[PDB]
Structures are given as structure tokens and as C-alpha cells.
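Novice: Quick one: this structure, given as C-alpha cells, is what I'll be asking you about.
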Amino acid sequence: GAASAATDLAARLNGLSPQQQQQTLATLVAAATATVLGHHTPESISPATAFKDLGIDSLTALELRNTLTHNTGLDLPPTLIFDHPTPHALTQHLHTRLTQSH
Numbered sequence: 001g002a003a004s005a006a007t008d009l010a011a012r013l014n015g016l017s018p019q020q021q022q023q024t025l026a027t028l029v030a031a032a033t034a035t036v037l038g039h040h041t042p043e044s045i046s047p048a049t050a051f052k053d054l055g056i057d058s059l060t061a062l063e064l065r066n067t068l069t070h071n072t073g074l075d076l077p078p079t080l081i082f083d084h085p086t087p088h089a090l091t092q093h094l095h096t097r098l099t100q101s102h
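Residue numbers (PDB author numbering): 1 to 102.
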């Protein structure tokens with residue numbers, strides 16, 4: 001249970017530099033997509049392949065969403081993949097929204 005994984009996420013990021021802080025999402029977000037496609041590890045989830053190209057099928061885009069938002073504490077609608085089509089993109093979103101949010 002978590003009333004804010006955004007304060008847990010920014011906890012991984014806390015103490016780190018932008019690219020390092022990126023990596024955490026650029027690992028978790030991919031871990032998320034590693035889940036959606038049944039790959040388990042983010043090592044298979046390339047950040048520049050594209051969710052579309054990864055197998056994200058709206059359903060797994062929502063399940064992506066369900067994981068992302070849950071790990072980052074953010075509140076972005078299911079069109080997150082449609083707006084950010086790569087693990088890098090999604091990461092960029094939550095890496096930027098860390099400060100660009102309420």
C-alpha cells in the first residue's frame with residue numbers, strides 16, 4: 001500500500017542526477033513494459049523501440065499506465081502511451097512531471 005509512490009519514486013531519484021533519476025524510470029517504466037509483454041526484465045525493453053513496436057496494444061498501454069502511475073504517483077490518463085510512445089518518452093514524462101506537477 002502507498003498513499004503516494006511519487007514520494008517513493010522521487011526517493012530513488014533523490015540524491016541522484018537528472019540522467020540517474022531518469023534511469024530509475026528508464027528502468028521501472030521499462031520494467032512496467034517488461035511486465036505488460038511478459039518479458040519480466042527491463043533489459044529486453046528498449047527505450048527507443050516504441051510501445052507500439054513493443055506490443056503495447058491499448059490494453060497493455062493501460063496496464064502500462066496502471067503500473068507507471070502507481071510507481072510514480074502521477075495522474076495521467078490512458079493516453080499516456082499515445083502521447084509518449086517510447087519507454088524513454090514515458091520516462092521523460094514522469095521524470096519531468098516530478099517537478100511539473102502538483
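Idealized CB from N, CA, C, for every residue including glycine.
(1) Would you mind sorting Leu68 into buried or exposed? The rule is 16 or more other CB atoms within 10 Å of its CB.
(2) For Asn14, is the classification buried or exposed, using 16 other Cβ atoms within 10 angstroms of its Cβ as the cut-off for buried?
(3) Let's see if you can read the secondary structure: which residues bound the alpha helix (DSSP H) around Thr49?
(4) Report the residue from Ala32, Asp83, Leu16 and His40 whose alpha carbon sits nearest the alpha carbon of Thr72.
(5) According to DSSP, simplified to helix, strand and coil, what is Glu63?
(6) I need the boundaries of the alpha helix (DSSP H) containing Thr27, first residue and last residue.
Specialist: Taking the definition as stated:
(1) On the sequence shown, position 68 is the one that residue 68 refers to. Flag for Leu68 reads buried.
(2) Position 14 of the sequence shown, counted from the start, is the residue given in the question as residue 14. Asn14 should be labelled exposed.
(3) The sequence position of residue 49 within the sequence shown is 49, counting from 1. It is not in any alpha helix (DSSP H) - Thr49 carries neither H nor E in the DSSP assignment.
(4) Counted from its first residue, the sequence shown places residue 72 at position 72. Comparing Cα positions, the closest option is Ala32.
(5) Counting from one through the sequence shown, the residue named residue 63 turns up at place 63. Of the three classes helix, strand and coil, the one that applies to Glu63 here is helix, per DSSP.
(6) Along the sequence shown, one-based indexing puts residue 27 at 27. Note, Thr27: alpha helix (DSSP H), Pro18 to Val36.
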